[PDB]
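Enquirer: File coords_36.cif follows (mmCIF, C-alpha atoms and all ligand atoms):
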data_coords
loop_
_atom_site.group_PDB
_atom_site.id
_atom_site.type_symbol
_atom_site.label_atom_id
_atom_site.label_comp_id
_atom_site.auth_asym_id
_atom_site.auth_seq_id
_atom_site.Cartn_x
_atom_site.Cartn_y
_atom_site.Cartn_z
ATOM 1 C CA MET A 1 44.132 122.002 63.460
ATOM 2 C CA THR A 2 43.471 118.314 64.206
ATOM 3 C CA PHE A 3 45.071 115.171 62.790
ATOM 4 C CA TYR A 4 41.875 114.822 60.779
ATOM 5 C CA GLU A 5 42.317 118.118 58.941
ATOM 6 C CA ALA A 6 46.099 117.658 58.671
ATOM 7 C CA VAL A 7 46.080 114.327 56.752
ATOM 8 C CA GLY A 8 43.610 115.741 54.230
ATOM 9 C CA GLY A 9 40.222 115.547 55.944
ATOM 10 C CA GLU A 10 37.210 113.628 54.625
ATOM 11 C CA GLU A 11 38.583 112.881 51.143
ATOM 12 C CA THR A 12 41.610 111.136 52.654
ATOM 13 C CA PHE A 13 39.444 108.610 54.448
ATOM 14 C CA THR A 14 37.158 108.208 51.458
ATOM 15 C CA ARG A 15 40.378 107.466 49.551
ATOM 16 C CA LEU A 16 41.541 105.097 52.315
ATOM 17 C CA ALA A 17 38.230 103.192 52.858
ATOM 18 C CA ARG A 18 37.853 103.029 49.059
ATOM 19 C CA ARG A 19 41.320 101.700 48.364
ATOM 20 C CA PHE A 20 41.158 99.312 51.303
ATOM 21 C CA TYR A 21 37.808 97.905 50.170
ATOM 22 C CA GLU A 22 38.986 97.226 46.636
ATOM 23 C CA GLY A 23 41.753 95.206 48.232
ATOM 24 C CA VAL A 24 39.255 93.509 50.552
ATOM 25 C CA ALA A 25 36.752 92.879 47.732
ATOM 26 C CA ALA A 26 39.408 91.034 45.653
ATOM 27 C CA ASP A 27 40.648 88.829 48.547
ATOM 28 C CA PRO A 28 39.792 85.070 48.289
ATOM 29 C CA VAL A 29 39.688 84.750 52.082
ATOM 30 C CA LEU A 30 38.462 88.133 53.361
ATOM 31 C CA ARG A 31 35.729 88.721 50.727
ATOM 32 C CA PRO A 32 33.391 85.792 51.686
ATOM 33 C CA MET A 33 33.700 87.082 55.284
ATOM 34 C CA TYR A 34 32.024 90.362 54.459
ATOM 35 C CA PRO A 35 28.555 88.799 54.254
ATOM 36 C CA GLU A 36 27.052 91.530 52.108
ATOM 37 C CA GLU A 37 26.390 91.103 48.392
ATOM 38 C CA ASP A 38 26.926 94.929 48.171
ATOM 39 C CA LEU A 39 30.035 96.227 50.053
ATOM 40 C CA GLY A 40 29.064 99.899 49.692
ATOM 41 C CA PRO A 41 27.539 100.481 53.163
ATOM 42 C CA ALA A 42 30.389 98.586 54.845
ATOM 43 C CA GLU A 43 32.895 100.903 53.107
ATOM 44 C CA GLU A 44 30.802 103.792 54.243
ATOM 45 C CA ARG A 45 30.734 102.637 57.880
ATOM 46 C CA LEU A 46 34.546 102.357 57.872
ATOM 47 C CA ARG A 47 35.026 105.754 56.182
ATOM 48 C CA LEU A 48 32.803 107.417 58.746
ATOM 49 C CA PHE A 49 34.306 105.557 61.623
ATOM 50 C CA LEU A 50 37.839 106.561 60.743
ATOM 51 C CA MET A 51 36.772 110.150 60.225
ATOM 52 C CA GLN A 52 35.225 110.322 63.622
ATOM 53 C CA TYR A 53 38.157 108.557 65.279
ATOM 54 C CA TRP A 54 40.838 110.903 63.927
ATOM 55 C CA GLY A 55 38.812 113.987 65.011
ATOM 56 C CA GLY A 56 36.543 114.635 61.978
ATOM 57 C CA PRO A 57 32.746 114.577 61.871
ATOM 58 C CA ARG A 58 30.929 112.560 64.582
ATOM 59 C CA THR A 59 28.600 111.205 61.888
ATOM 60 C CA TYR A 60 29.522 107.566 62.512
ATOM 61 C CA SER A 61 28.387 107.770 66.132
ATOM 62 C CA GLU A 62 25.284 109.808 65.404
ATOM 63 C CA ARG A 63 24.186 107.090 62.866
ATOM 64 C CA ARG A 64 25.381 103.979 64.791
ATOM 65 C CA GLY A 65 26.048 104.497 68.497
ATOM 66 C CA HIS A 66 29.396 103.925 70.237
ATOM 67 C CA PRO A 67 31.949 102.145 68.047
ATOM 68 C CA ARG A 68 32.445 99.255 70.518
ATOM 69 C CA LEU A 69 34.467 97.711 67.719
ATOM 70 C CA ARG A 70 35.712 94.553 69.455
ATOM 71 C CA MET A 71 32.070 93.923 70.269
ATOM 72 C CA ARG A 72 30.850 94.537 66.693
ATOM 73 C CA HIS A 73 33.498 92.184 65.294
ATOM 74 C CA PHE A 74 32.323 89.525 67.764
ATOM 75 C CA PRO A 75 30.326 87.570 65.124
ATOM 76 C CA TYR A 76 33.461 87.103 63.001
ATOM 77 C CA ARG A 77 36.303 84.617 62.869
ATOM 78 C CA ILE A 78 39.278 86.964 63.140
ATOM 79 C CA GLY A 79 42.487 84.969 63.560
ATOM 80 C CA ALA A 80 46.091 85.700 62.649
ATOM 81 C CA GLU A 81 45.388 84.874 58.977
ATOM 82 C CA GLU A 82 42.337 87.120 58.659
ATOM 83 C CA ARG A 83 44.159 89.930 60.459
ATOM 84 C CA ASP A 84 47.252 89.684 58.294
ATOM 85 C CA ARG A 85 45.134 89.866 55.125
ATOM 86 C CA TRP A 86 43.218 92.806 56.558
ATOM 87 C CA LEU A 87 46.571 94.491 57.187
ATOM 88 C CA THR A 88 47.894 93.786 53.659
ATOM 89 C CA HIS A 89 44.991 95.710 52.184
ATOM 90 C CA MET A 90 45.307 98.474 54.759
ATOM 91 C CA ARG A 91 49.042 98.930 54.078
ATOM 92 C CA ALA A 92 48.321 99.180 50.334
ATOM 93 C CA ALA A 93 45.482 101.587 51.089
ATOM 94 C CA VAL A 94 47.684 103.717 53.382
ATOM 95 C CA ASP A 95 50.608 103.652 50.894
ATOM 96 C CA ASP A 96 48.460 104.997 48.012
ATOM 97 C CA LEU A 97 47.467 107.828 50.313
ATOM 98 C CA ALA A 98 51.141 108.980 50.111
ATOM 99 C CA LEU A 99 50.902 110.861 53.366
ATOM 100 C CA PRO A 100 53.870 112.636 54.962
ATOM 101 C CA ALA A 101 56.010 110.183 56.932
ATOM 102 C CA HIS A 102 54.804 111.048 60.416
ATOM 103 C CA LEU A 103 51.141 111.336 59.714
ATOM 104 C CA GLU A 104 51.285 108.068 57.743
ATOM 105 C CA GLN A 105 53.083 106.371 60.570
ATOM 106 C CA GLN A 106 50.595 107.360 63.258
ATOM 107 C CA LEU A 107 47.616 106.220 61.175
ATOM 108 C CA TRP A 108 49.414 102.983 60.363
ATOM 109 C CA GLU A 109 50.371 102.266 63.944
ATOM 110 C CA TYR A 110 46.749 102.734 64.947
ATOM 111 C CA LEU A 111 45.473 100.485 62.180
ATOM 112 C CA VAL A 112 48.079 97.840 63.087
ATOM 113 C CA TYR A 113 47.190 97.924 66.826
ATOM 114 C CA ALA A 114 43.473 97.988 66.185
ATOM 115 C CA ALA A 115 43.680 94.870 63.952
ATOM 116 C CA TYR A 116 45.991 93.045 66.310
ATOM 117 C CA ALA A 117 43.417 93.889 68.977
ATOM 118 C CA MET A 118 40.497 92.827 66.785
ATOM 119 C CA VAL A 119 41.769 89.210 66.603
ATOM 120 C CA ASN A 120 39.161 87.305 68.585
ATOM 121 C CA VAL A 121 39.689 83.659 67.879
ATOM 122 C CA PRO A 122 40.975 81.893 70.999
ATOM 123 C CA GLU A 123 44.006 80.475 69.094
HETATM 124 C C1 LIG B 1 41.637 92.598 61.964
HETATM 125 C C2 LIG B 1 41.013 92.221 60.853
HETATM 126 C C3 LIG B 1 39.530 92.588 60.621
HETATM 127 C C4 LIG B 1 38.583 91.838 60.015
HETATM 128 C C5 LIG B 1 38.714 90.427 59.408
HETATM 129 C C6 LIG B 1 37.344 92.594 60.024
HETATM 130 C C7 LIG B 1 36.142 92.149 59.510
HETATM 131 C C8 LIG B 1 34.979 92.870 59.486
HETATM 132 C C9 LIG B 1 33.721 92.469 58.893
HETATM 133 C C10 LIG B 1 33.467 91.105 58.195
HETATM 134 C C11 LIG B 1 32.854 93.477 59.099
HETATM 135 C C12 LIG B 1 31.382 93.557 58.684
HETATM 136 C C13 LIG B 1 31.367 94.080 57.247
HETATM 137 C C14 LIG B 1 29.947 94.088 56.736
HETATM 138 O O1 LIG B 1 29.080 94.809 57.327
HETATM 139 O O2 LIG B 1 29.688 93.365 55.731
HETATM 140 C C15 LIG B 1 33.521 94.533 59.819
HETATM 141 C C16 LIG B 1 32.962 95.743 60.211
HETATM 142 C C17 LIG B 1 33.655 96.863 60.655
HETATM 143 N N1 LIG B 1 35.038 96.979 60.851
HETATM 144 FE FE1 LIG B 1 36.376 95.388 60.871
HETATM 145 N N2 LIG B 1 37.598 93.803 60.642
HETATM 146 C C18 LIG B 1 38.922 93.834 61.024
HETATM 147 C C19 LIG B 1 39.567 94.862 61.673
HETATM 148 C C20 LIG B 1 39.137 96.153 61.828
HETATM 149 C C21 LIG B 1 39.884 97.301 62.309
HETATM 150 C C22 LIG B 1 41.369 97.231 62.766
HETATM 151 C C23 LIG B 1 39.043 98.366 62.277
HETATM 152 C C24 LIG B 1 39.207 99.845 62.680
HETATM 153 C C25 LIG B 1 40.379 100.464 62.793
HETATM 154 C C26 LIG B 1 37.775 97.906 61.781
HETATM 155 C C27 LIG B 1 36.666 98.681 61.590
HETATM 156 C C28 LIG B 1 35.400 98.244 61.289
HETATM 157 C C29 LIG B 1 34.211 99.056 61.402
HETATM 158 C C30 LIG B 1 34.120 100.516 61.854
HETATM 159 C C31 LIG B 1 33.053 98.142 60.991
HETATM 160 C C32 LIG B 1 31.566 98.541 60.937
HETATM 161 C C33 LIG B 1 31.245 99.054 62.332
HETATM 162 C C34 LIG B 1 29.765 99.192 62.442
HETATM 163 O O3 LIG B 1 29.087 98.152 62.299
HETATM 164 O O4 LIG B 1 29.294 100.331 62.665
HETATM 165 N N3 LIG B 1 37.877 96.566 61.521
HETATM 166 N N4 LIG B 1 34.821 94.123 60.033
#
Translate the structure of the given file into structure tokens.
Expert:
Amino acid sequence: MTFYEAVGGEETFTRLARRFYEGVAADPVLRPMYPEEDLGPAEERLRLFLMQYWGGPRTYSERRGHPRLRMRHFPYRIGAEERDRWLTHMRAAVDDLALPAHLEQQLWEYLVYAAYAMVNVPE
């Protein structure tokens, strides 16, 4: 019984990636930063990544290799502003998930830390 299975498995992340990406999609600043006309495959990459990370299927890494996230975000201008907006849509996406307090909190803390860590603009 992993964290993965406990929070609701695959359909929880689908829900989370989906709700996060609607928030991202409708963001004046974040949206033009996702350089795809179609945001479907980006959603998908997130969904899979989160699954894998929390102890679900290793699909992400069998499709793309290692996550090396800080490396993969290297092309992008991720400063305090971009991070804070990313967070706003994650919070909203986590909230809608309506997970039990402790499971919510662990997932949130991770997401917070990871974004804080993703900031890569010497500033
Ligand atoms: C901190 C603010 C962040 C910004 C502005 C940001 C921005 C982006 C952008 C523009 C892309 C490419 C999307 C595309 O393909 O069109 C991307 C990819 C991705 N992001 Fe972030 N990101 C942030 C933080 C995070 C965090 C905290 C996580 C994970 C917990 C994450 C997970 C991913 C993953 C898994 C990909 C695709 C990885 C792959 O290429 O296989 N990002 N991000």
Enquirer: Selection in question (the file shown): the PyMOL selection byres (((chain A and resi 75-90) around 6) and not hetatm). Which residues does it include, as number ranges by chain?
Expert: A: 20, 23, 73-74, 91-94, 119-121
Enquirer: To one decimal in Å, tell me the separation between atom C25 of ligand LIG 1 (chain B) and atom CA of residue 115 of chain A.
Expert: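 If I compute the distance from atom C25 of ligand LIG 1 (chain B) to atom CA of residue 115 of chain A, I get 6.6 Å.
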Enquirer: Grab the atom CA of residue 4 of chain A to atom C24 of ligand LIG 1 (chain B) distance for me, in Å with one decimal place.
Expert: 15.3 Å
Enquirer: Which residue is closest to ligand LIG 1 (chain B)? Choose from A:122, A:41, A:100, A:9 and count all atoms listed in the file.
Expert: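 Closest candidate: A:41.
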Enquirer: Please return as JSON, numbers by chain every residue within 10 Å of (35.9, 103.0, 52.5), taking into account only C-alpha atoms and the file's own coordinates.
Expert: {"A": [12, 13, 14, 15, 16, 17, 18, 19, 20, 21, 22, 39, 40, 41, 42, 43, 44, 45, 46, 47, 48, 49, 50, 93]}
Enquirer: Can I get the selected residues back with C-alpha atoms, as a short mmCIF file (atom, residue, chain, number, x, y, z; two decimals), in the coordinates of the input?
Expert:
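Once written, selection05.cif looks like this:
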data_model
loop_
_atom_site.label_atom_id
_atom_site.label_comp_id
_atom_site.auth_asym_id
_atom_site.auth_seq_id
_atom_site.Cartn_x
_atom_site.Cartn_y
_atom_site.Cartn_z
CA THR A 12 41.61 111.14 52.65
CA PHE A 13 39.44 108.61 54.45
CA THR A 14 37.16 108.21 51.46
CA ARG A 15 40.38 107.47 49.55
CA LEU A 16 41.54 105.10 52.32
CA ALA A 17 38.23 103.19 52.86
CA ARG A 18 37.85 103.03 49.06
CA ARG A 19 41.32 101.70 48.36
CA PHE A 20 41.16 99.31 51.30
CA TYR A 21 37.81 97.90 50.17
CA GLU A 22 38.99 97.23 46.64
CA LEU A 39 30.04 96.23 50.05
CA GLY A 40 29.06 99.90 49.69
CA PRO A 41 27.54 100.48 53.16
CA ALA A 42 30.39 98.59 54.84
CA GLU A 43 32.90 100.90 53.11
CA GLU A 44 30.80 103.79 54.24
CA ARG A 45 30.73 102.64 57.88
CA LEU A 46 34.55 102.36 57.87
CA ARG A 47 35.03 105.75 56.18
CA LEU A 48 32.80 107.42 58.75
CA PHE A 49 34.31 105.56 61.62
CA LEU A 50 37.84 106.56 60.74
CA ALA A 93 45.48 101.59 51.09
#
Enquirer: Taking only C-alpha atoms and all ligand atoms into account, which of A:56, A:99, A:117, A:10 comes nearest ligand LIG 1 (chain B)?
Expert: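 Closest candidate: A:117.
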Enquirer: Which distance in Å separates atom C23 of ligand LIG 1 (chain B) and atom CA of residue 103 of chain A, to one decimal?
Expert: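 Taking atom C23 of ligand LIG 1 (chain B) and atom CA of residue 103 of chain A, their separation equals 17.9 Å.
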Enquirer: Between A:6, A:101, A:69, A:1, which is the closest to ligand LIG 1 (chain B) once you count all atoms listed in the file?
Expert: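 So, comparing all the options, the nearest one is A:69.
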Enquirer: Report the centre and edge lengths, in Å to one decimal, of an axis-aligned box enclosing every atom of ligand LIG 1 (chain B) listed in the file, padded by 3 Å on each side, as lines of an AutoDock Vina configuration file.
Expert:
center_x = 35.4
center_y = 95.5
center_z = 59.3
size_x = 18.6
size_y = 16.1
size_z = 13.1
Enquirer: Pick from A:57, A:71, A:35, A:29: nearest to ligand LIG 1 (chain B), with all atoms listed in the file counted?
Expert: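 Residue with the minimum atom-to-atom distance to ligand LIG 1 (chain B): A:35.
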Enquirer: Point out the residue among A:58, A:37, A:113, A:102 with the least atom-to-atom distance to residue 25 of chain A, counting all atoms listed in the file.
Expert: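 Using all atoms listed in the file, the shortest distance to residue 25 of chain A belongs to A:37.
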Enquirer: Would you mind listing what lies within 10 Å of residue 53 of chain A as a list in words, with only C-alpha atoms counted and same-chain residues fewer than 6 positions away left out?
Expert: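 Near residue 53 of chain A, the qualifying residues are residues 3, 4, 60, 61 and 67 of chain A.
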Enquirer: Could you please take those selected residues and save C-alpha atoms as a PDB file, keeping the file's coordinate frame?
Expert:
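result_12.pdb written:
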ATOM      1  CA  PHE A   3      45.071 115.171  62.790  1.00  0.00           C
ATOM      2  CA  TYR A   4      41.875 114.822  60.779  1.00  0.00           C
ATOM      3  CA  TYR A  60      29.522 107.566  62.512  1.00  0.00           C
ATOM      4  CA  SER A  61      28.387 107.770  66.132  1.00  0.00           C
ATOM      5  CA  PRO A  67      31.949 102.145  68.047  1.00  0.00           C
TER       6      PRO A  67
END
Enquirer: Identify which of the residues A:109, A:104, A:36, A:5 lies closest to ligand LIG 1 (chain B), counting only C-alpha atoms and all ligand atoms when measuring atom-to-atom distances.
Expert: A:36
Enquirer: Can you patch up segment 24-56 of chain A, filling it in to N, CA and C atoms, and show the result as a CSV table (one decimal), in the coordinates of the input?
Expert:
chain,number,residue,atom,x,y,z
A,24,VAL,N,40.1,94.5,49.8
A,24,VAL,CA,39.3,93.5,50.6
A,24,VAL,C,38.4,92.7,49.6
A,25,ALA,N,37.6,93.4,48.8
A,25,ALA,CA,36.8,92.9,47.7
A,25,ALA,C,37.4,91.8,46.9
A,26,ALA,N,38.7,92.0,46.5
A,26,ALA,CA,39.4,91.0,45.7
A,26,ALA,C,40.3,90.0,46.4
A,27,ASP,N,39.9,89.8,47.7
A,27,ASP,CA,40.6,88.8,48.5
A,27,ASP,C,39.8,87.5,48.7
A,28,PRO,N,40.4,86.4,48.2
A,28,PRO,CA,39.8,85.1,48.3
A,28,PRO,C,39.3,84.7,49.7
A,29,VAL,N,40.1,85.0,50.7
A,29,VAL,CA,39.7,84.8,52.1
A,29,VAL,C,38.8,85.8,52.7
A,30,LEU,N,39.3,87.1,52.7
A,30,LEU,CA,38.5,88.1,53.4
A,30,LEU,C,37.1,88.4,52.8
A,31,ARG,N,37.0,88.4,51.4
A,31,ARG,CA,35.7,88.7,50.7
A,31,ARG,C,34.5,87.9,51.2
A,32,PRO,N,34.6,86.6,51.2
A,32,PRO,CA,33.4,85.8,51.7
A,32,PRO,C,33.0,86.0,53.2
A,33,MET,N,33.9,86.7,53.9
A,33,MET,CA,33.7,87.1,55.3
A,33,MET,C,32.9,88.4,55.5
A,34,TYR,N,32.9,89.2,54.5
A,34,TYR,CA,32.0,90.4,54.5
A,34,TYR,C,30.7,89.8,53.8
A,35,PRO,N,29.7,89.6,54.7
A,35,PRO,CA,28.6,88.8,54.3
A,35,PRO,C,27.5,89.6,53.4
A,36,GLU,N,27.9,90.8,52.9
A,36,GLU,CA,27.1,91.5,52.1
A,36,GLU,C,27.3,91.2,50.6
A,37,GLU,N,26.3,91.1,49.9
A,37,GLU,CA,26.4,91.1,48.4
A,37,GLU,C,27.0,92.5,47.9
A,38,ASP,N,26.4,93.6,48.4
A,38,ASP,CA,26.9,94.9,48.2
A,38,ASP,C,27.8,95.4,49.3
A,39,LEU,N,29.1,95.7,49.1
A,39,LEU,CA,30.0,96.2,50.1
A,39,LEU,C,30.1,97.8,50.3
A,40,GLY,N,29.1,98.4,49.7
A,40,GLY,CA,29.1,99.9,49.7
A,40,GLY,C,28.9,100.4,51.1
A,41,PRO,N,27.8,100.0,51.8
A,41,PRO,CA,27.5,100.5,53.2
A,41,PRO,C,28.6,100.1,54.2
A,42,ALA,N,29.3,99.0,54.0
A,42,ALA,CA,30.4,98.6,54.8
A,42,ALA,C,31.5,99.6,54.7
A,43,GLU,N,31.9,99.9,53.4
A,43,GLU,CA,32.9,100.9,53.1
A,43,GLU,C,32.5,102.1,53.9
A,44,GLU,N,31.3,102.6,53.7
A,44,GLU,CA,30.8,103.8,54.2
A,44,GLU,C,31.0,103.8,55.8
A,45,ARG,N,30.6,102.7,56.4
A,45,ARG,CA,30.7,102.6,57.9
A,45,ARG,C,32.2,102.8,58.3
A,46,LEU,N,33.1,102.2,57.6
A,46,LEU,CA,34.5,102.4,57.9
A,46,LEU,C,34.9,103.8,57.7
A,47,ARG,N,34.8,104.4,56.5
A,47,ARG,CA,35.0,105.8,56.2
A,47,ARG,C,34.6,106.7,57.3
A,48,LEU,N,33.3,106.6,57.7
A,48,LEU,CA,32.8,107.4,58.7
A,48,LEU,C,33.5,107.1,60.1
A,49,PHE,N,33.7,105.9,60.3
A,49,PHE,CA,34.3,105.6,61.6
A,49,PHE,C,35.7,106.2,61.7
A,50,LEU,N,36.5,106.1,60.7
A,50,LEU,CA,37.8,106.6,60.7
A,50,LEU,C,37.8,108.1,60.9
A,51,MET,N,36.9,108.7,60.1
A,51,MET,CA,36.8,110.2,60.2
A,51,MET,C,36.6,110.5,61.7
A,52,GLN,N,35.5,110.0,62.3
A,52,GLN,CA,35.2,110.3,63.6
A,52,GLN,C,36.4,110.1,64.6
A,53,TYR,N,37.1,109.0,64.4
A,53,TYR,CA,38.2,108.6,65.3
A,53,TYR,C,39.3,109.5,65.3
A,54,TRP,N,39.7,110.0,64.1
A,54,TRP,CA,40.8,110.9,63.9
A,54,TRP,C,40.5,112.4,64.2
A,55,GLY,N,39.3,112.7,64.6
A,55,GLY,CA,38.8,114.0,65.0
A,55,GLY,C,38.0,114.8,64.0
A,56,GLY,N,37.5,114.1,62.9
A,56,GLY,CA,36.5,114.6,62.0
A,56,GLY,C,35.1,114.5,62.4
